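Student: Build me a structure from this.
(chains A, B, C, D and E, ligands or ions: 6)
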Amino acid sequence: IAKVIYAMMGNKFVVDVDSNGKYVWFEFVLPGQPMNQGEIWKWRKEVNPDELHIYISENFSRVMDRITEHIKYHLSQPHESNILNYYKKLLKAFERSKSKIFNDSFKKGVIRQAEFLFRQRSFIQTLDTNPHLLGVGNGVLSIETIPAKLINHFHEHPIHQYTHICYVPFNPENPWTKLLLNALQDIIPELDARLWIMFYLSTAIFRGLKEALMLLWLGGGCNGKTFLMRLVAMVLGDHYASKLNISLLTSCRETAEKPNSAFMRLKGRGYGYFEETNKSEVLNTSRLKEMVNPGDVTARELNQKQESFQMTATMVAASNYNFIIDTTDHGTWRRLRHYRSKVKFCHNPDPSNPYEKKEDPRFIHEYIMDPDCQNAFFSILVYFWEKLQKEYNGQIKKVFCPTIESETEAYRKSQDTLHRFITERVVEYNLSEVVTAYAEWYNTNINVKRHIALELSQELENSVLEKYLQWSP
Amino acid sequence: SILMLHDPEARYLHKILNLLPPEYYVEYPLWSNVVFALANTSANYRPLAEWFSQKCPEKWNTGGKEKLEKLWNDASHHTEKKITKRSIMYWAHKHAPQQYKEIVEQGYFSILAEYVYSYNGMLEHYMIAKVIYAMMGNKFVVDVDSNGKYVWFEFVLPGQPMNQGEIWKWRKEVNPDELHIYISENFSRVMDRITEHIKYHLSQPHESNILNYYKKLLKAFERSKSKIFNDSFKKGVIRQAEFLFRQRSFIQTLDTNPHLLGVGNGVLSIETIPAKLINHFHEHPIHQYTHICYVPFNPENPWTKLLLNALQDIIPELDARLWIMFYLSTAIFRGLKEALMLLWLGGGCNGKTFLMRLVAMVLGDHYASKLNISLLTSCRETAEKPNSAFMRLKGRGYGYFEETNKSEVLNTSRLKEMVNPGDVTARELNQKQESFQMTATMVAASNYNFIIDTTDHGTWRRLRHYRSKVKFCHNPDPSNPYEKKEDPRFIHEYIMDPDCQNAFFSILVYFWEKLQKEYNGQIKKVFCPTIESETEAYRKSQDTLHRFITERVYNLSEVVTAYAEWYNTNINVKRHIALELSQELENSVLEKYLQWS
Amino acid sequence: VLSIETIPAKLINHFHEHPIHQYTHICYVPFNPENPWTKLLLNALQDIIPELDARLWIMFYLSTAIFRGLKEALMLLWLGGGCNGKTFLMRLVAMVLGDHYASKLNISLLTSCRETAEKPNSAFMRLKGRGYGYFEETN
DNA sequence: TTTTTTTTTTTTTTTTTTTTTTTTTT
DNA sequence: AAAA
Ligand SMILES: Nc1ncnc2c1ncn2[C@@H]1O[C@H](COP(=O)(O)OP(=O)(O)NP(=O)(O)O)[C@@H](O)[C@H]1O
Ligand SMILES: Nc1ncnc2c1ncn2[C@@H]1O[C@H](COP(=O)(O)OP(=O)(O)NP(=O)(O)O)[C@@H](O)[C@H]1O
Ligand SMILES: Nc1ncnc2c1ncn2[C@@H]1O[C@H](COP(=O)(O)OP(=O)(O)NP(=O)(O)O)[C@@H](O)[C@H]1O
Ligand SMILES: [Mg+2]
Ligand SMILES: [Mg+2]
Ligand SMILES: [Mg+2]
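Tutor: Numbering: from 1, shown residues only, chains lettered A, B, ... in the order given. Ligands and ions are numbered 1, 2, ... in the order given. Here you go, the structure:
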């Protein structure tokens, strides 16, 4: 009967072995059956195939009764004597065996036996591999072509991980879409900066390898940073987006034999964001290099073995203060595009000051939990992704947003210690006394730690201390 | 009208349905509800819902002629509101008390009859499960927890052995003991009915060689009857019935909407003014609760008068008491709130502990709890360790800090995340890391002033400072209106008394309703000049830069260095740093004489 | 089971219905001054603390230990030279109350300042349900 | 300093079931 | 008395 039930429901169930070595059950969800919200047309994990138990205890009885009536018809026909005794014994044995189908231990044994028949090798590792398929609230969405195609019928793609947001085509006539666009315009005054920020945010849906980049942008109170960041992170969903701990970025090495359990928060996550900060946390200029590089990183989670996965996420950090970078190598400064907010909200806006507006607390307290606004925002995101795809090729380091590069260059000029001393207390012989003066000045001001690189006789001297400067001993 | 013939269970639904009074077909608001229920139960048999709509209930002349289009668009009903057939059964039980049981005993006897007839006397671990689910399908529910093991929830009814204040609420059971008793107590009479039916059919002489059949059948059923009381058989039946009772999407919907409170005599709803107590069935899923009964706020109660006078004796101001009560009243709400936090200090024995402890105990353990001050006074711990005493904030509504020390600096990094309408992530002991929606009203108690080293608008947007005025002494002196005599009965008793807790809960819900009707809902709308005047005075202090400028004062490089002597010799010593003063003083009053060169 | 609901305190040496599980191994008898042990203890108590008013409060303070409900915000500390009997009296109280109701607490809880939020500690967990505690500091 | 212990690591499974089962029909 |  395990063989028969596999022949009956072979196209709806599949079994594979997980990492720990325990068989698990997956079933295809179809319309017209009880289910969790927004998990239609997708594979669903099943600890015990209770649907299979119900099927074997309900529908199999029809086939069993059909066999009973077939035996009855064969017995009723005129026949010999020995044949009739054989058929009577057959019917007796068959009914005694039929009585067993409703037993519990027998059903468990049948499930155990059918675990082998339903098994399909290379299924767990093939789940959610291609980053062009997204599980949405009403099916699965494909961004393989332009425009994106929504699949709401039967398919065979192994999709298990989804979000609870339905998808509709981008329509600017929707009241929610117009309200959201107006609020977005009010948040970011400059056109080029707004376009660049939307282009950067729109890549969060794509879960493949991306260009090594990161956005830092700060401001005062009531700037809308948390509103937009939380809106993105929540419209993507828990599975695809998550919040990250600032200590995971600002701290030092974690000991090699200690499991992290927080680094895995981005394992397969397409988007992550940092919320808070103190006065001045020195940026680690490491433990971020791998999380930004389109490469592979390794770590160990709770009570598991050492494992490695590929870095695929979009990162953005919000702050009320500037970070401390204390490095000048081209590797770190290739990334870290920097922005500064200009709009400011206070309950009593000052006239004749365009950089000042009134709050609408209904943006935070409500308008976020409402599904329709989230659907409109998802439409905005997918439209922006397809726009970035149709032009500019696919690379994001091609859009002309001179404000962002100018601000990044200005931030680079600050926080850089190479010219600060040469401008304030240039002395004018291997600059040993000069480097000691550098260190004593920066201490308790720019760099509280004594300089240990002897790098002032290197690309540092090639920066501003050249020409007249001499280094012969 | 032929789809009802596809299955008798829909015919039993119709038998329940015709018991419904015809008055339902009129006054539409409580007519569309049954349509909602029948639609959300399953869309396959929706034509039965249309059949009921056109069934000619009451009269066709009430505007329902040739069916109404309010039904056609109701076929979508793509919302989240949930009403099930349990409400229909409860309504059918409301009318005709002597008809529901006698009409469901058909079905009860039926299903068992077909099962015992098709498979002779043999009974296994699914037929019993199906019949049991047919009997009590409303009192129990099963869903999978996070760890992947099935759990059992039982609805609680009046007149039942139960814990205090668990009425009309779901309870968590490791094993359905009530069901283990029901399967062996009330099923027995059903089996006895089956046996007496068999005996009655045996008594009537039908024909030869078939009364023999009603001897093998009787012997088999007699053998199978005793299997109910067997322990292993009951365990198998429970295991198999776990699937029938399963209800998908139930764990994540438990205690979600912040407008429902579980109280000692039901569930409290604050969706509509005035708040309505629920004491009849209902369908909303509530598991957590408080052991405090709820009564409407009546000032004539002696305890209410005493408590109001005690409140009057603690906060001399009138605007200040209103603001404090309004802020505290948000503790009942468990949704997104304004990013605000109140911290207030004063002399010893001022009753702040009394008020905070009273609020915490009135709300209960599930909704409110105390929090350690180390979350404020210490730096953030590294990401590898699993943090407890922080996820204690998960799902709560109110938390208070009472411990205090000498002059200490607030870590204004937890403050920006632990007072915020956003999302926070953490991880508890022996568990993975997850993020939980954050809702909590917080207040801080101390007798020594905190230290705030920042000046940005991000932190000062929140925070509100107050100073206690009255003072209790063992031997109060004459005059001194800010001095009064203690009543140790306020702490050592008057707070374990349930009636006082009920009165305080009534006061709190009344203040919530008052804040709801006027001032809209926002707390940054009530005008209490004293609180922000005191907050601004506090912000005038703790701002070392402006005080230094006023008290004592070429090149901008001479700044910071000149401030260092004041920073060390005065206003603490500490260690001197820069790269923040060069920006703050730049964006400050020191500009006219500032030497940019 | 000893009940102090109403004066005089009653001893329930027969069947009852209260849910009592924890206990001490000390039998209870009415206070009789004529018992030789009682006389010896009273004489030693009078020897240890001479002043009558000071002695009275001390005994009352000790009496409060039996109770396990909310008490007053009072803490007693008394100093002196060596060989004064403070350890004798405090240990006697701790032993007569028993382990379930009395315990000795480390002074490190008062000498140190505080452990951070994520430090699982003994953290006066001995105070969970215990009605008495003593330190005996020596530095 | 402080350093690492704690957290983890196991440790929580077995007791039914099964078996048999005498009887009961053959 | 042997098989279920
Ligand atoms: N476009 C907008 N128009 C009006 N009000 C807005 C707009 N965007 C946001 N708000 C409101 O402004 C307030 C500030 O929200 P929030 O994002 O928390 O401030 P923030 O500065 O980004 N976070 P923080 O920097 O930590 O203070 C909220 O009440 C929002 O509802
Ligand atoms: N309205 C009141 N009238 C009279 N006595 C009161 C009143 N409110 C409180 N008390 C008493 O005053 C004392 C102060 O108790 P408490 O709540 O601990 O104040 P407190 O300031 O929080 N304690 P502390 O942390 O040391 O300042 C208690 O004995 C209360 O019973
Ligand atoms: N009432 C008493 N009459 C006579 N001798 C007594 C009495 N009480 C105690 N002693 C004796 O005096 C000794 C000193 O008591 P003890 O408790 O050791 O002092 P202590 O201060 O608590 N311990 P230490 O701090 O090391 O001196 C006891 O060991 C007894 O032998
Ligand atoms: Mg924000
Ligand atoms: Mg107090
Ligand atoms: Mg001693």
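Student: And for stretch B:415-424, what's in contact with it?
Tutor: Applying CB atoms under 8 Å, 6 or more residues apart in numbering or on different chains, the contact partners of stretch B:415-424 are A:226, A:230, A:233-234, A:243, A:275-277, A:320, A:364-365, B:336-341, B:375-376, B:393, B:435-438, B:440, B:442, B:458-459, B:462-463. C-beta here means a position set from N, CA and C on the backbone, and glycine is covered the same way.
Student: Which of those are buried, as a PyMOL select command?
Tutor: Of the contacts of stretch B:415-424, the buried ones can be selected in PyMOL as follows, counting by 16 or more other CB atoms under 10 Å in any protein chain shown:
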select buried, (chain A and resi 226+230+233+234+243+275+276+277+320+364+365) or (chain B and resi 336+337+338+339+340+341+375+376+393+435+437+438+440+442+458+459+462+463)
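Student: Show me what from chain A comes close to ligand 1.
Tutor: Counting by CB under 6 Å from any ligand atom, the positions of chain A adjacent to ligand 1 are A:183, A:186-187, A:219, A:221-227, A:345, A:357, A:359-361, A:363-364.
Student: So among those residues, which ones count as buried?
Tutor: In those, the ones that pass as buried (16+ other CB under 10 Å) are A:183, A:187, A:219, A:221-227, A:345, A:357, A:361, A:363-364.
Student: Now flag whichever of those is closest to residue B:186.
Tutor: Nearest to residue B:186 among those is residue A:364, at 53.4 Å by CB to CB.
Student: what separates that closest one from residue A:320, distance-wise?
Tutor: 17 Å (CB to CB, to the nearest Å).
Student: Same check on residue B:289?
Tutor: For residue B:289 relative to residue A:320 (CB to CB), the value is 40 Å.
Student: And residue B:470, by the same measure?
Tutor: 38 Å.
Student: Then residue B:293?
Tutor: From residue B:293 to residue A:320 the distance is 46 Å (CB to CB).
Student: which residues does residue A:166 contact?
Tutor: Neighbours of residue A:166 in contact, by CB under 8 Å, 6+ apart: A:38, A:136, A:137, A:138, A:371, A:375.
Student: For the second one, grab phi and psi.
Tutor: According to degrees, to the nearest 10, the main-chain angles of residue A:136 amount to phi -110, psi 170.
Student: residues making contact with stretch A:319-338?
Tutor: By CB under 8 Å, 6+ apart, stretch A:319-338 touches A:200, A:212-220, A:277-283, A:285, A:289, A:292, A:404, A:407-408, A:411-412, A:414-418, A:447, A:460, B:416, B:456, B:458.
Student: quick check, residue A:80 in a strand?
Tutor: No - secondary structure of residue A:80 (DSSP: H, G, I helix; E, B strand; the rest coil): coil, not part of a strand.
Student: Near it, how many other residues are there?
Tutor: 8 (other CB atoms under 10 Å in any protein chain shown).
Student: Where does the stretch 201-350 of chain A get nearest to DNA strand D, which residue?
Tutor: residue A:303 (4.7 Å; CB to the nearest atom of the strand).
Student: hang on, that residue packs against residue A:20?
Tutor: No - counting by CB atoms under 8 Å, residue A:20 is not a contact partner of residue A:303; they are 10.5 Å apart.
Student: Run through the residues that contact residue 279.
Tutor: All of this is about chain A. A:321, B:453, B:454, B:580.
Student: try chain B instead
Tutor: Under the contact definition (CB under 8 Å, 6+ apart), the residues listed for residue B:279 are B:167, B:168, B:265, B:266.
Student: Out of those, which comes closest to chain C?
Tutor: Comparing those against chain C with CB to the nearest CB places residue B:167 closest, at 22.8 Å.
Student: what's near enough to touch the closest one?
Tutor: Applying CB under 8 Å, 6+ apart, the residues near residue B:167 are B:156, B:158, B:264, B:265, B:266, B:279.
Student: cool, residue B:26 as well?
Tutor: Residue B:26 touches B:58, B:62, counting by CB under 8 Å, 6+ apart.
Student: repeat for residue A:143
Tutor: Counting by CB under 8 Å, 6+ apart, residue A:143 touches A:132, A:133, A:134, A:205, A:206, A:382, A:385, A:386.
Student: cutoff 6 Å now
Tutor: For residue A:143, the contact set (CB atoms under 6 Å, 6 or more residues apart in numbering or on different chains) comprises residue A:132.
Student: how close does it get to ligand 2?
Tutor: Distance, residue A:143 to ligand 2, by CB to the nearest ligand atom, to the nearest Å: 60 Å.
Student: Is any residue of the longest helix belonging to chain A near chain B?
Tutor: The longest helix of chain A (DSSP state H) is helix A:371-390. No - using CB under 6 Å from any CB of the partner chain, helix A:371-390 stays clear of chain B, coming no nearer than 8.8 Å.
Student: buried set for that helix?
Tutor: So helix A:371-390, judged by 16+ other CB under 10 Å, has buried residues A:373-389.
Student: Name the next helix or strand downstream of it, please.
Tutor: helix A:402-413 (DSSP states H and E).
Student: What's the local residue count around residue B:198?
Tutor: Around residue B:198 there are 18 residues (other CB under 10 Å).
Student: and if you look at the one 10 residues further on?
Tutor: Applying the criterion other CB under 10 Å, we find 7 residues in the vicinity of residue B:208.
Student: Am I right that residue B:288 sits in a helix?
Tutor: No - Residue B:288: not assigned to a helix; according to three-state DSSP it is coil.
Student: quick one: it and residue B:255 touch, right?
Tutor: Yes - taking contacts as CB atoms under 6 Å, residue B:288 lies within contact range of residue B:255: 5.3 Å.
Student: Looking at these two, which one has more neighbours?
Tutor: Shown here are residue B:288 and residue B:255; by other CB under 10 Å, residue B:255 has more neighbours (19 against 16).
Student: give the contact list for that one.
Tutor: B:287, B:288.
Student: how about it, phi and psi?
Tutor: phi 60, psi 60.
Student: repeat for residue B:277
Tutor: phi -80, psi 140.
Student: Any figure for the gap between it and residue A:273?
Tutor: Residue B:277 is 42 Å from residue A:273, by CB to CB.
Student: So these two - more neighbours on which side?
Tutor: residue A:273 (23 against 15).
Student: From what I see, the more buried one and residue A:228 are in contact.
Tutor: No - taking contacts as CB under 6 Å, residue A:273 lies outside contact range of residue A:228: 9.9 Å.
Student: Now for those two: what residues contact both?
Tutor: By CB under 6 Å, 6+ apart, no residue touches both residue A:273 and residue A:228.
Student: ok, residue A:247 - contacts?
Tutor: B:380, B:382, B:383.
Student: and stretch B:487-502, which residues are buried?
Tutor: Buried residues in stretch B:487-502 (16+ other CB under 10 Å): B:490, B:491, B:494, B:495, B:500, B:501, B:502.
Student: let me redo that: stretch B:534-549
Tutor: B:534, B:535, B:538, B:542, B:544, B:545, B:548.
Student: again, but for stretch A:98-116
Tutor: For stretch A:98-116, by 16+ other CB under 10 Å, it's A:98, A:101, A:102, A:103, A:104, A:107, A:110, A:111, A:114, A:115.
Student: Stretch B:250-264 now?
Tutor: Per 16+ other CB under 10 Å, stretch B:250-264 contains these buried residues: B:250, B:255, B:260, B:261, B:262, B:263, B:264.
Student: tally of neighbours for the closest residue to residue A:233 other than its chain neighbours?
Tutor: Sequence neighbours aside, residue A:241 is the residue nearest to residue A:233 in space, at 4.4 Å (criterion: CB to CB, 6 or more residues apart in numbering or on different chains). The number of residues packed near residue A:241 is 22, by other CB under 10 Å.
Student: Name the residues of the stretch 101-250 of chain A found near chain B, please.
Tutor: Within the stretch 101-250 of chain A, the positions lying close to chain B (CB under 6 Å from any CB) are A:102, A:103, A:104, A:220, A:221, A:226, A:230, A:243, A:245, A:247, A:248.
Student: Let's see which of those residues end up in strands.
Tutor: In strands, judged by DSSP state E, the following of those are found: residue A:243.
Student: All set now, cheers.
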